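As structure tokens, one chain now follows by itself in the form deposited in one PDB entry.
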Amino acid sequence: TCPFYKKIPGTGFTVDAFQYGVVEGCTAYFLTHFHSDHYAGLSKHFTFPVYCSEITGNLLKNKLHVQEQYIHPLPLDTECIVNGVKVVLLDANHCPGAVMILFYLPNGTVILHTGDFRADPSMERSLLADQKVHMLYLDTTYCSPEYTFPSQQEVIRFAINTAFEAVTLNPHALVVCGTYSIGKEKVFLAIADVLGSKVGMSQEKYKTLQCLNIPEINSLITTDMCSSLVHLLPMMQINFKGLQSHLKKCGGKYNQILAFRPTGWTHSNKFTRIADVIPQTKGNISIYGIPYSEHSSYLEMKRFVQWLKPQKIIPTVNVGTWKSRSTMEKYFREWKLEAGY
């Protein structure tokens, strides 16, 4: 059964609620982004209206074979009417096609659902600036002060500089980047651009990337692995065994692997600066864990909420334990008392 925090009161609407069968009284199903925990249950046999971004709708059609007649893509930053209710989709600064949804209820209540997001000060000048929000359904993934990480820009600088140094020292080194879902494409695209290579990958991943409206993409990616010195592989294969095996497959073109695993947070964030990050090495294979996050840090989250000043917060992440729930409620109260709303 669908949990309360996926239901929008006063509407016939649910958000990211595809794994519960037919939800009683739901006339339109919203999908914030194409990540498996959120789309779980969608397929070609789904026959209710799905509302989402253009990019999410490309993935629905091509990857999950959802029929076109049930996909309703909406433009961003545009007031739209759905089953008699005004809605707006906003960029969520998560993975490609990820949105936040503003709902303007018939009784005058305004609700913001963040989906998954990385809060940014740029959001303070979207259509959010123009009215009050009563209820906030918040991505609380990293809602504790131990969760610090660098900007995305500093992380990409580290990766570009690392890869360029390595391959300039040894022109026979291969760079490998791990992936298991959409998001974080900047990691591998930035490295390929500094090395003047295309990124090589499986046909299934190439298909996924061709759905994302990334400009000049035919220029940056390929399925011809032999022509590329940046290869993408499944995240599970980013280990010394899986990388030794891959190196064998390249037929003596290469004699070294430098590999990147973009994680969210790891506890080496509490001690080490990005400048100071070092790899795990075995023989001619080095593996770097880099803290590239597409969720809010604690401080980014706090600033957004203290700016927005909602009357009520509903967490959508870490809601399964009493200890988590109590911790989050304590922070929301601190934030409110410090800011004075």
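Residue positions are given as counts along the sequence shown, with the first one as 1.
One more form of this protein exists, namely the form solved in complex with a small molecule; it is left out here, but the text below deals with it.
According to a 4.5 angstroms non-hydrogen atom cut-off, is residue 25 in contact with the small molecule in the deposited complex? Answer yes; at least one heavy atom of residue 25 falls within 4.5 Å of the small molecule in the deposited complex.
Is residue 21 close enough to the small molecule in the deposited complex to count, meaning some heavy atom within 4.5 Å? No, residue 21 sits far enough from the small molecule in the deposited complex that none of its heavy atoms falls within 4.5 Å.
May I ask whether 199, 206 and 222 each come within 4.5 Å of the small molecule in the deposited complex, counting any non-hydrogen atom? No: none of 199, 206 and 222 comes within 4.5 Å of the small molecule in the deposited complex.
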